[PDB]
There are 2 protein chains.
Amino acid sequence: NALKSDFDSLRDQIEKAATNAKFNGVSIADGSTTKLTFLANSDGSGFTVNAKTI
Amino acid sequence: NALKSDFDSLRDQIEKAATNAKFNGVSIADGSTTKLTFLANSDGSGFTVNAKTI
């Protein structure tokens, strides 16, 4: 039971550290969105980067 | 009778030792409150810590 409690506490730590991984209302690791695209050329072509939910 | 008196003395000592467990008048040991939340983000998200009466 003590190991169960420790395991659950570490689980909660993972969930909270994952949900805290924001940067200016946008996060690539929390799973809020499929992907993020940043400007890559003055034409407006993007720099595609896929989200990796953790 | 001597062992009974020693047991009663230890019991009074243990009660008062449980009573004195406080930090700035706030405690988690004596069970005065069910739980203490703690800050985890700039949004005010808590860190729930259920009290365990001892």
# chains A, B, ... in the order shown; residues from 1 in each chain; ligands from 1
$ calpha_fit_and_write --fixed "chain B" --moving "chain A" --output "PDB file with N, CA and C atoms, in the first residue's frame"
ATOM      1  N   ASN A   1       0.849  -2.116  38.747  1.00  0.00           N
ATOM      2  CA  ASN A   1       0.513  -0.703  38.907  1.00  0.00           C
ATOM      3  C   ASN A   1       1.642   0.197  38.413  1.00  0.00           C
ATOM      4  N   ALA A   2       2.894  -0.215  38.623  1.00  0.00           N
ATOM      5  CA  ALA A   2       4.011   0.567  38.100  1.00  0.00           C
ATOM      6  C   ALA A   2       3.988   0.606  36.576  1.00  0.00           C
ATOM      7  N   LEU A   3       3.693  -0.532  35.943  1.00  0.00           N
ATOM      8  CA  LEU A   3       3.570  -0.555  34.490  1.00  0.00           C
ATOM      9  C   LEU A   3       2.393   0.288  34.016  1.00  0.00           C
ATOM     10  N   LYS A   4       1.298   0.306  34.779  1.00  0.00           N
ATOM     11  CA  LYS A   4       0.172   1.179  34.455  1.00  0.00           C
ATOM     12  C   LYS A   4       0.589   2.643  34.471  1.00  0.00           C
ATOM     13  N   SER A   5       1.336   3.044  35.501  1.00  0.00           N
ATOM     14  CA  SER A   5       1.794   4.428  35.587  1.00  0.00           C
ATOM     15  C   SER A   5       2.719   4.776  34.428  1.00  0.00           C
ATOM     16  N   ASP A   6       3.632   3.864  34.080  1.00  0.00           N
ATOM     17  CA  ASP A   6       4.534   4.113  32.957  1.00  0.00           C
ATOM     18  C   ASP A   6       3.761   4.247  31.651  1.00  0.00           C
ATOM     19  N   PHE A   7       2.778   3.370  31.444  1.00  0.00           N
ATOM     20  CA  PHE A   7       1.953   3.411  30.243  1.00  0.00           C
ATOM     21  C   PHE A   7       1.205   4.733  30.143  1.00  0.00           C
ATOM     22  N   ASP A   8       0.627   5.189  31.256  1.00  0.00           N
ATOM     23  CA  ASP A   8      -0.123   6.440  31.236  1.00  0.00           C
ATOM     24  C   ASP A   8       0.793   7.631  30.989  1.00  0.00           C
ATOM     25  N   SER A   9       2.002   7.604  31.552  1.00  0.00           N
ATOM     26  CA  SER A   9       2.942   8.693  31.304  1.00  0.00           C
ATOM     27  C   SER A   9       3.333   8.757  29.832  1.00  0.00           C
ATOM     28  N   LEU A  10       3.582   7.599  29.214  1.00  0.00           N
ATOM     29  CA  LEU A  10       3.911   7.584  27.790  1.00  0.00           C
ATOM     30  C   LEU A  10       2.735   8.069  26.948  1.00  0.00           C
ATOM     31  N   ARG A  11       1.518   7.689  27.337  1.00  0.00           N
ATOM     32  CA  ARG A  11       0.314   8.203  26.691  1.00  0.00           C
ATOM     33  C   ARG A  11       0.260   9.728  26.733  1.00  0.00           C
ATOM     34  N   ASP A  12       0.504  10.304  27.910  1.00  0.00           N
ATOM     35  CA  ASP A  12       0.484  11.757  28.039  1.00  0.00           C
ATOM     36  C   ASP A  12       1.571  12.393  27.182  1.00  0.00           C
ATOM     37  N   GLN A  13       2.738  11.746  27.111  1.00  0.00           N
ATOM     38  CA  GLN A  13       3.802  12.240  26.244  1.00  0.00           C
ATOM     39  C   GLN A  13       3.350  12.274  24.791  1.00  0.00           C
ATOM     40  N   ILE A  14       2.652  11.227  24.343  1.00  0.00           N
ATOM     41  CA  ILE A  14       2.164  11.207  22.966  1.00  0.00           C
ATOM     42  C   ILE A  14       1.186  12.345  22.727  1.00  0.00           C
ATOM     43  N   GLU A  15       0.240  12.535  23.645  1.00  0.00           N
ATOM     44  CA  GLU A  15      -0.754  13.584  23.428  1.00  0.00           C
ATOM     45  C   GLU A  15      -0.103  14.959  23.366  1.00  0.00           C
ATOM     46  N   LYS A  16       0.879  15.210  24.231  1.00  0.00           N
ATOM     47  CA  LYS A  16       1.489  16.534  24.259  1.00  0.00           C
ATOM     48  C   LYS A  16       2.387  16.759  23.045  1.00  0.00           C
ATOM     49  N   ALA A  17       3.140  15.735  22.632  1.00  0.00           N
ATOM     50  CA  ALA A  17       3.948  15.862  21.425  1.00  0.00           C
ATOM     51  C   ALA A  17       3.084  16.026  20.183  1.00  0.00           C
ATOM     52  N   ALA A  18       1.887  15.436  20.174  1.00  0.00           N
ATOM     53  CA  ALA A  18       0.991  15.613  19.037  1.00  0.00           C
ATOM     54  C   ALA A  18       0.390  17.012  19.010  1.00  0.00           C
ATOM     55  N   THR A  19      -0.059  17.516  20.162  1.00  0.00           N
ATOM     56  CA  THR A  19      -0.656  18.846  20.181  1.00  0.00           C
ATOM     57  C   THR A  19       0.375  19.951  19.995  1.00  0.00           C
ATOM     58  N   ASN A  20       1.661  19.664  20.201  1.00  0.00           N
ATOM     59  CA  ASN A  20       2.686  20.678  19.982  1.00  0.00           C
ATOM     60  C   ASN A  20       3.155  20.773  18.535  1.00  0.00           C
ATOM     61  N   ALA A  21       2.634  19.943  17.632  1.00  0.00           N
ATOM     62  CA  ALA A  21       3.161  19.874  16.274  1.00  0.00           C
ATOM     63  C   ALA A  21       2.576  20.942  15.359  1.00  0.00           C
ATOM     64  N   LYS A  22       2.685  22.207  15.747  1.00  0.00           N
ATOM     65  CA  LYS A  22       2.184  23.311  14.944  1.00  0.00           C
ATOM     66  C   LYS A  22       3.318  23.987  14.183  1.00  0.00           C
ATOM     67  N   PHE A  23       2.940  24.728  13.143  1.00  0.00           N
ATOM     68  CA  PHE A  23       3.879  25.582  12.420  1.00  0.00           C
ATOM     69  C   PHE A  23       3.113  26.797  11.921  1.00  0.00           C
ATOM     70  N   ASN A  24       3.333  27.940  12.569  1.00  0.00           N
ATOM     71  CA  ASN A  24       2.678  29.201  12.221  1.00  0.00           C
ATOM     72  C   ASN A  24       1.158  29.005  12.254  1.00  0.00           C
ATOM     73  N   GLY A  25       0.668  28.583  13.419  1.00  0.00           N
ATOM     74  CA  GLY A  25      -0.759  28.474  13.644  1.00  0.00           C
ATOM     75  C   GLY A  25      -1.472  27.436  12.811  1.00  0.00           C
ATOM     76  N   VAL A  26      -0.740  26.597  12.087  1.00  0.00           N
ATOM     77  CA  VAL A  26      -1.326  25.623  11.175  1.00  0.00           C
ATOM     78  C   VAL A  26      -0.572  24.314  11.328  1.00  0.00           C
ATOM     79  N   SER A  27      -1.311  23.210  11.373  1.00  0.00           N
ATOM     80  CA  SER A  27      -0.701  21.904  11.553  1.00  0.00           C
ATOM     81  C   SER A  27      -1.436  20.885  10.700  1.00  0.00           C
ATOM     82  N   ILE A  28      -0.668  19.971  10.100  1.00  0.00           N
ATOM     83  CA  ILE A  28      -1.237  18.931   9.248  1.00  0.00           C
ATOM     84  C   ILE A  28      -1.366  17.603   9.982  1.00  0.00           C
ATOM     85  N   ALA A  29      -0.843  17.501  11.204  1.00  0.00           N
ATOM     86  CA  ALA A  29      -0.848  16.253  11.948  1.00  0.00           C
ATOM     87  C   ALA A  29      -1.674  16.280  13.225  1.00  0.00           C
ATOM     88  N   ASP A  30      -2.105  17.452  13.692  1.00  0.00           N
ATOM     89  CA  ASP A  30      -2.891  17.525  14.918  1.00  0.00           C
ATOM     90  C   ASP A  30      -4.382  17.300  14.698  1.00  0.00           C
ATOM     91  N   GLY A  31      -4.838  17.219  13.449  1.00  0.00           N
ATOM     92  CA  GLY A  31      -6.245  17.019  13.173  1.00  0.00           C
ATOM     93  C   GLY A  31      -7.098  18.266  13.213  1.00  0.00           C
ATOM     94  N   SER A  32      -6.487  19.452  13.235  1.00  0.00           N
ATOM     95  CA  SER A  32      -7.264  20.685  13.299  1.00  0.00           C
ATOM     96  C   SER A  32      -8.071  20.920  12.029  1.00  0.00           C
ATOM     97  N   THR A  33      -7.624  20.380  10.897  1.00  0.00           N
ATOM     98  CA  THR A  33      -8.295  20.621   9.629  1.00  0.00           C
ATOM     99  C   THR A  33      -8.196  19.378   8.759  1.00  0.00           C
ATOM    100  N   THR A  34      -9.119  19.282   7.800  1.00  0.00           N
ATOM    101  CA  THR A  34      -9.177  18.110   6.933  1.00  0.00           C
ATOM    102  C   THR A  34      -7.962  18.015   6.020  1.00  0.00           C
ATOM    103  N   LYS A  35      -7.486  19.141   5.499  1.00  0.00           N
ATOM    104  CA  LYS A  35      -6.397  19.120   4.531  1.00  0.00           C
ATOM    105  C   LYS A  35      -5.767  20.502   4.462  1.00  0.00           C
ATOM    106  N   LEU A  36      -4.626  20.566   3.781  1.00  0.00           N
ATOM    107  CA  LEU A  36      -3.946  21.817   3.485  1.00  0.00           C
ATOM    108  C   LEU A  36      -3.675  21.880   1.991  1.00  0.00           C
ATOM    109  N   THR A  37      -3.772  23.079   1.424  1.00  0.00           N
ATOM    110  CA  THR A  37      -3.568  23.284  -0.006  1.00  0.00           C
ATOM    111  C   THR A  37      -2.607  24.446  -0.203  1.00  0.00           C
ATOM    112  N   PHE A  38      -1.515  24.194  -0.914  1.00  0.00           N
ATOM    113  CA  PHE A  38      -0.494  25.192  -1.180  1.00  0.00           C
ATOM    114  C   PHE A  38      -0.467  25.524  -2.665  1.00  0.00           C
ATOM    115  N   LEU A  39      -0.006  26.734  -2.975  1.00  0.00           N
ATOM    116  CA  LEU A  39       0.014  27.189  -4.358  1.00  0.00           C
ATOM    117  C   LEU A  39       0.907  26.293  -5.203  1.00  0.00           C
ATOM    118  N   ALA A  40       0.447  25.993  -6.418  1.00  0.00           N
ATOM    119  CA  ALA A  40       1.191  25.138  -7.328  1.00  0.00           C
ATOM    120  C   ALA A  40       1.364  25.720  -8.721  1.00  0.00           C
ATOM    121  N   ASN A  41       0.670  26.803  -9.059  1.00  0.00           N
ATOM    122  CA  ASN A  41       0.784  27.400 -10.380  1.00  0.00           C
ATOM    123  C   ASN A  41       0.332  28.850 -10.258  1.00  0.00           C
ATOM    124  N   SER A  42       0.864  29.703 -11.136  1.00  0.00           N
ATOM    125  CA  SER A  42       0.510  31.117 -11.115  1.00  0.00           C
ATOM    126  C   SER A  42      -0.973  31.348 -11.374  1.00  0.00           C
ATOM    127  N   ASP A  43      -1.655  30.393 -12.008  1.00  0.00           N
ATOM    128  CA  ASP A  43      -3.102  30.480 -12.162  1.00  0.00           C
ATOM    129  C   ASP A  43      -3.810  30.450 -10.813  1.00  0.00           C
ATOM    130  N   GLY A  44      -3.215  29.810  -9.814  1.00  0.00           N
ATOM    131  CA  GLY A  44      -3.866  29.590  -8.543  1.00  0.00           C
ATOM    132  C   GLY A  44      -4.257  28.158  -8.265  1.00  0.00           C
ATOM    133  N   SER A  45      -3.905  27.223  -9.147  1.00  0.00           N
ATOM    134  CA  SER A  45      -4.142  25.813  -8.875  1.00  0.00           C
ATOM    135  C   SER A  45      -3.322  25.365  -7.672  1.00  0.00           C
ATOM    136  N   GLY A  46      -3.971  24.647  -6.760  1.00  0.00           N
ATOM    137  CA  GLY A  46      -3.332  24.266  -5.519  1.00  0.00           C
ATOM    138  C   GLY A  46      -2.551  22.968  -5.606  1.00  0.00           C
ATOM    139  N   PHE A  47      -1.791  22.705  -4.548  1.00  0.00           N
ATOM    140  CA  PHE A  47      -1.059  21.456  -4.366  1.00  0.00           C
ATOM    141  C   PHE A  47      -1.709  20.749  -3.180  1.00  0.00           C
ATOM    142  N   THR A  48      -2.675  19.886  -3.475  1.00  0.00           N
ATOM    143  CA  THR A  48      -3.451  19.244  -2.425  1.00  0.00           C
ATOM    144  C   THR A  48      -2.590  18.273  -1.627  1.00  0.00           C
ATOM    145  N   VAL A  49      -2.664  18.385  -0.303  1.00  0.00           N
ATOM    146  CA  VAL A  49      -2.051  17.426   0.610  1.00  0.00           C
ATOM    147  C   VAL A  49      -3.028  17.178   1.753  1.00  0.00           C
ATOM    148  N   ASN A  50      -3.383  15.916   1.966  1.00  0.00           N
ATOM    149  CA  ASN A  50      -4.363  15.574   2.982  1.00  0.00           C
ATOM    150  C   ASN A  50      -3.713  15.486   4.356  1.00  0.00           C
ATOM    151  N   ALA A  51      -4.467  15.886   5.374  1.00  0.00           N
ATOM    152  CA  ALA A  51      -3.973  15.804   6.741  1.00  0.00           C
ATOM    153  C   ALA A  51      -3.930  14.355   7.205  1.00  0.00           C
ATOM    154  N   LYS A  52      -2.890  14.020   7.963  1.00  0.00           N
ATOM    155  CA  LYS A  52      -2.708  12.687   8.533  1.00  0.00           C
ATOM    156  C   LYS A  52      -2.582  12.860  10.043  1.00  0.00           C
ATOM    157  N   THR A  53      -3.716  12.778  10.735  1.00  0.00           N
ATOM    158  CA  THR A  53      -3.743  13.009  12.172  1.00  0.00           C
ATOM    159  C   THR A  53      -2.956  11.925  12.899  1.00  0.00           C
ATOM    160  N   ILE A  54      -2.092  12.343  13.827  1.00  0.00           N
ATOM    161  CA  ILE A  54      -1.237  11.425  14.567  1.00  0.00           C
ATOM    162  C   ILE A  54      -1.481  11.496  16.067  1.00  0.00           C
TER     163      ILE A  54
END
$ select_by_dssp --residues "chain A" --states "helix (DSSP H, G or I)" --output "PyMOL selection string"
chain A and resi 2-19
$ select_by_dssp --residues "chain A" --states "strand (DSSP E)" --output "PyMOL selection string"
chain A and resi 35-39+46-50
$ decode --residues "segment 30-53 of chain A" --atoms "N, CA and C atoms" --output "mmCIF file, in the first residue's frame"
data_model
loop_
_atom_site.group_PDB
_atom_site.id
_atom_site.type_symbol
_atom_site.label_atom_id
_atom_site.label_comp_id
_atom_site.auth_asym_id
_atom_site.auth_seq_id
_atom_site.Cartn_x
_atom_site.Cartn_y
_atom_site.Cartn_z
ATOM 1 N N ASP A 30 1.356 19.570 -24.237
ATOM 2 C CA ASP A 30 0.184 19.237 -23.436
ATOM 3 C C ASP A 30 -0.939 18.593 -24.240
ATOM 4 N N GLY A 31 -0.824 18.538 -25.565
ATOM 5 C CA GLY A 31 -1.862 17.951 -26.387
ATOM 6 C C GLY A 31 -3.028 18.858 -26.704
ATOM 7 N N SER A 32 -2.908 20.161 -26.445
ATOM 8 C CA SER A 32 -4.014 21.075 -26.710
ATOM 9 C C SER A 32 -4.299 21.212 -28.200
ATOM 10 N N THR A 33 -3.299 20.988 -29.050
ATOM 11 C CA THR A 33 -3.470 21.172 -30.482
ATOM 12 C C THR A 33 -2.635 20.145 -31.229
ATOM 13 N N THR A 34 -3.028 19.893 -32.479
ATOM 14 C CA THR A 34 -2.353 18.884 -33.287
ATOM 15 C C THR A 34 -0.924 19.288 -33.628
ATOM 16 N N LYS A 35 -0.692 20.564 -33.920
ATOM 17 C CA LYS A 35 0.624 21.005 -34.363
ATOM 18 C C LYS A 35 0.730 22.511 -34.180
ATOM 19 N N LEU A 36 1.952 23.012 -34.340
ATOM 20 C CA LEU A 36 2.232 24.439 -34.344
ATOM 21 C C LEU A 36 3.018 24.776 -35.599
ATOM 22 N N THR A 37 2.751 25.950 -36.166
ATOM 23 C CA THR A 37 3.407 26.391 -37.391
ATOM 24 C C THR A 37 3.920 27.808 -37.190
ATOM 25 N N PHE A 38 5.217 28.000 -37.396
ATOM 26 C CA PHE A 38 5.864 29.290 -37.232
ATOM 27 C C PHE A 38 6.347 29.804 -38.581
ATOM 28 N N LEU A 39 6.458 31.127 -38.686
ATOM 29 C CA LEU A 39 6.854 31.741 -39.945
ATOM 30 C C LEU A 39 8.246 31.282 -40.349
ATOM 31 N N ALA A 40 8.418 31.015 -41.644
ATOM 32 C CA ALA A 40 9.694 30.557 -42.169
ATOM 33 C C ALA A 40 10.183 31.340 -43.376
ATOM 34 N N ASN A 41 9.353 32.190 -43.974
ATOM 35 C CA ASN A 41 9.759 32.959 -45.139
ATOM 36 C C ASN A 41 8.838 34.170 -45.220
ATOM 37 N N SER A 42 9.348 35.252 -45.814
ATOM 38 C CA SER A 42 8.562 36.472 -45.948
ATOM 39 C C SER A 42 7.308 36.266 -46.787
ATOM 40 N N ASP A 43 7.284 35.238 -47.636
ATOM 41 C CA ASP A 43 6.069 34.892 -48.365
ATOM 42 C C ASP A 43 4.951 34.471 -47.418
ATOM 43 N N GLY A 44 5.293 33.922 -46.260
ATOM 44 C CA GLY A 44 4.319 33.348 -45.361
ATOM 45 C C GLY A 44 4.356 31.843 -45.255
ATOM 46 N N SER A 45 5.310 31.185 -45.911
ATOM 47 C CA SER A 45 5.473 29.748 -45.749
ATOM 48 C C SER A 45 5.867 29.422 -44.315
ATOM 49 N N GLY A 46 5.199 28.427 -43.739
ATOM 50 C CA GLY A 46 5.399 28.104 -42.343
ATOM 51 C C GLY A 46 6.540 27.133 -42.097
ATOM 52 N N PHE A 47 6.875 26.984 -40.819
ATOM 53 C CA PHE A 47 7.853 26.008 -40.348
ATOM 54 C C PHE A 47 7.075 24.988 -39.522
ATOM 55 N N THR A 48 6.645 23.915 -40.178
ATOM 56 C CA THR A 48 5.790 22.934 -39.528
ATOM 57 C C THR A 48 6.550 22.181 -38.443
ATOM 58 N N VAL A 49 5.939 22.093 -37.263
ATOM 59 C CA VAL A 49 6.437 21.260 -36.173
ATOM 60 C C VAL A 49 5.240 20.576 -35.523
ATOM 61 N N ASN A 50 5.275 19.250 -35.463
ATOM 62 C CA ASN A 50 4.156 18.493 -34.929
ATOM 63 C C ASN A 50 4.218 18.432 -33.409
ATOM 64 N N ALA A 51 3.044 18.445 -32.787
ATOM 65 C CA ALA A 51 2.971 18.343 -31.337
ATOM 66 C C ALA A 51 3.315 16.930 -30.885
ATOM 67 N N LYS A 52 4.030 16.837 -29.768
ATOM 68 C CA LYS A 52 4.414 15.564 -29.164
ATOM 69 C C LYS A 52 3.886 15.569 -27.734
ATOM 70 N N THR A 53 2.671 15.052 -27.560
ATOM 71 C CA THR A 53 2.018 15.075 -26.259
ATOM 72 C C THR A 53 2.779 14.202 -25.268
#
